[PDB]
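Worksheet for the structure shown next.
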Amino acid sequence: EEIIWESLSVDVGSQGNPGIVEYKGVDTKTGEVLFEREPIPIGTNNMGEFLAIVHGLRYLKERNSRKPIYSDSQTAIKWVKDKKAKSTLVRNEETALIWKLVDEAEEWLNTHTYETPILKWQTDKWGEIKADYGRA
RNA sequence: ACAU
DNA sequence: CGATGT
Ligand SMILES: [Cl-]
Ligand SMILES: [Cl-]
Ligand SMILES: [Cl-]
Ligand SMILES: [Mg+2]
Ligand SMILES: [Mg+2]
Ligand SMILES: [Rb+]
Ligand SMILES: [Rb+]
Ligand SMILES: [Rb+]
Ligand SMILES: [Rb+]
Ligand SMILES: [Rb+]
Ligand SMILES: [Rb+]
């Protein structure tokens with residue numbers, strides 16, 4: 001139960017669930033924001049958490065970085081491990097964008113390799129993840 | 001129950 | 001209190 005400070009932390013934020021979804025990744029040690037996705041009009045918490053991890057994998061791979069990724073989402077960690085986002089969200093015209101991004105993230109996982117450890121952020125011991133959106 |  | 005997920 002030691003934080004690995006040399007890591008990337010990601011989190012989703014939303015207005016509603018389902019609702020408007022965004023996500024970001026930060027340097028765990030410094031809090032510096034390294035990437036932020038423009039808000040998506042309709043998605044779920046778990047789809048955003050999944051996209052955040054996959055974006056982190058792509059970000060670190062492009063920069064030849066072996067740092068681990070922290071996420072507080074038990075669901076999204078499993079989905080990334082499985083390379084499959086098992087979302088219940090309806091696929092229709094309103095949800096087309098989030099589903100396109102999820103499909104593309106799965107596609108990336110199936111066509112690329114990575115060694116990045118994907119670690120559970122232990123909120124119960126460490127407080128809220130550094131990438132959190134102070135919204136609850 | 002657990003994580004969000 | 002409501003939701004998404006294992
Ligand atoms: Cl994305
Ligand atoms: Cl590690
Ligand atoms: Cl986990
Ligand atoms: Mg989270
Ligand atoms: Mg959060
Ligand atoms: Rb590379
Ligand atoms: Rb929050
Ligand atoms: Rb929060
Ligand atoms: Rb949390
Ligand atoms: Rb809760
Ligand atoms: Rb539940």
Side-chain angles (χ1 to χ4, degrees):
Chain A
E1 180 241 291
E2 276 255 281
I3 296 167
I4 299 170
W5 289 100
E6 192 173 304
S7 61
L8 170 70
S9 292
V10 301
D11 200 20
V12 73
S14 84
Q15 299 173 224
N17 184 30
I20 301 172
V21 170
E22 62 199 304
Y23 65 76
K24 69 177 185 273
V26 307
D27 189 290
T28 304
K29 177 149 50 165
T30 67
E32 175 192 4
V33 180
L34 302 177
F35 56 85
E36 256 191 321
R37 168 66 207 201
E38 170 182 307
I40 299 148
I42 301 168
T44 68
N45 68 326
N46 292 323
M47 303 170 78
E49 298 272 24
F50 172 79
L51 294 176
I53 299 171
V54 179
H55 195 101
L57 290 171
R58 300 178 69 165
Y59 178 90
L60 295 172
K61 186 177 180 74
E62 173 73 8
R63 293 164 178 74
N64 294 313
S65 174
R66 291 172 51 79
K67 283 177 180 183
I69 293 167
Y70 276 115
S71 166
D72 66 15
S73 174
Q74 187 181 99
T75 297
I77 294 173
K78 180 178 189 297
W79 284 0
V80 174
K81 180 182 191 175
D82 296 338
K83 310 187 173 192
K84 189 63 193 175
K86 191 171 170 187
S87 177
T88 70
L89 184 68
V90 64
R91 280 188 192 257
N92 63 25
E93 307 99 316
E94 301 178 5
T95 64
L97 172 55
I98 191 84
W99 270 115
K100 175 173 188 283
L101 293 175
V102 167
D103 290 346
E104 289 167 351
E106 292 175 345
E107 192 62 30
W108 189 89
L109 291 172
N110 288 326
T111 50
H112 296 76
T113 65
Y114 46 89
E115 301 191 353
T116 306
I118 299 170
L119 305 181
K120 180 69 171 71
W121 181 263
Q122 293 182 56
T123 306
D124 60 334
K125 304 169 184 177
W126 302 338
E128 211 75 21
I129 196 168
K130 294 270 293 249
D132 184 46
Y133 290 79
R135 309 177 181 177

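Order of the sequence lines sets the chain letters (A, B, ...), proteins ahead of strands, with each chain counted from 1.
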For DNA chain C, which residues of [range] approach it to below 4.0 angstrom with any heavy atom?
| range | answer |
| --- | --- |
| residues 15-50 of chain A | A/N17, A/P18, A/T44, A/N45, A/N46, A/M47 |
| residues 72-80 of chain A | A/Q74, A/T75, A/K78, A/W79 |
| residues 127-136 of chain A | none |

Residues which pass ring pair (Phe, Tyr, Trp, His ring centres under 6.0 Å) with A/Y133, listed by chain and number, not counting sequence neighbours: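 Checked A/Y133 against ring pair (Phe, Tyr, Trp, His ring centres under 6.0 Å); zero matches.
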
Mind checking what makes ring pair (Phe, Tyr, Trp, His ring centres under 6.0 Å) contact with A/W121, not counting sequence neighbours? A/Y70, A/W126

Sugar-phosphate, base or nothing in reach of A/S87, heavy atoms under 4.0 Å: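 Since only primed, P, OP1 and OP2 atoms lie under 4.0 Å of A/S87, the category is sugar-phosphate.
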
Is the shortest distance from a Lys or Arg side-chain nitrogen in A/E106 or A/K84 to a carboxylate oxygen in the other one below 4.0 Å? yes

For A/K100, is there an ion pair with A/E104 - N to carboxylate O distance below 4.0 angstrom? yes

So salt bridge (charged side-chain N to carboxylate O under 4.0 Å, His left out) across residues 127-136 of chain A, not counting sequence neighbours, yields A/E22-A/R135

Rest of the hydrophobic cluster containing A/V12 (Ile/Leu/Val/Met/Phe/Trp/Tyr, side-chain heavy atoms under 4.5 Å)? A/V21

If you link I, L, V, M, F, W and Y whenever their side-chain heavy atoms are under 4.5 Å apart, who else ends up in the same group as A/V26?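 Result for A/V26 is A/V33.
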
Indicate yes or no: at least one non-hydrogen side-chain atom of [X] is less than 4.5 angstrom from one of [Y].
| X | Y | value |
| --- | --- | --- |
| A/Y59 | A/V10 | no |
| A/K61 | A/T113 | yes |
| A/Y114 | A/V54 | no |

Nucleotide interval of DNA chain C bounded by contacts with chain A (heavy-atom cut-off, under 4.0 Å):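 Under 4.0 Å from chain A, the extent on DNA chain C is C/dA3 to C/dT6.
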
Ordered by number, residues from residues 116-124 of chain A within less than 4.0 Å of RNA chain B (heavy atoms) are A/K120, A/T123

Main-chain N/O of A/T75 paired with A/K86 side-chain donor or acceptor, under 3.5 Å: no

Measure from the side-chain N and O atoms of A/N17 to the backbone N and O of A/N45, and report whether any donor-acceptor pair falls under 3.5 Å.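 Yes, because the side chain of A/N17 sits within donor-acceptor range (under 3.5 Å) of the backbone of A/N45.
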
Should we count CZ of A/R91 as having more than 12 external heavy atoms under 6.0 Å?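 Atom CZ in A/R91 is crowded, with more than 12 foreign heavy atoms closer than 6.0 Å.
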
Between A/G43 and A/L89 the two heavy atoms that sit nearest each other are CA-CD2, 4.1 Å

Heavy-atom contact window of chain A on RNA chain B, given 5' to 3' at under 4.0 Å: B/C2 to B/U4

With A/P117, which residues qualify under side-chain contact (heavy atoms from CB on, under 4.5 Å), at least two apart?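 A/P117 satisfies side-chain contact (heavy atoms from CB on, under 4.5 Å) with A/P68, A/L119 only.
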
With rounding to the nearest 0.5 Å, note down the distance linking CG in A/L60 to OG in A/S7.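 So the gap between those two atoms works out to 9.5 Å.
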
Nearest-0.5 Å distance that lies between atom CE in A/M47 and atom OG in A/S73: 12.5 Å

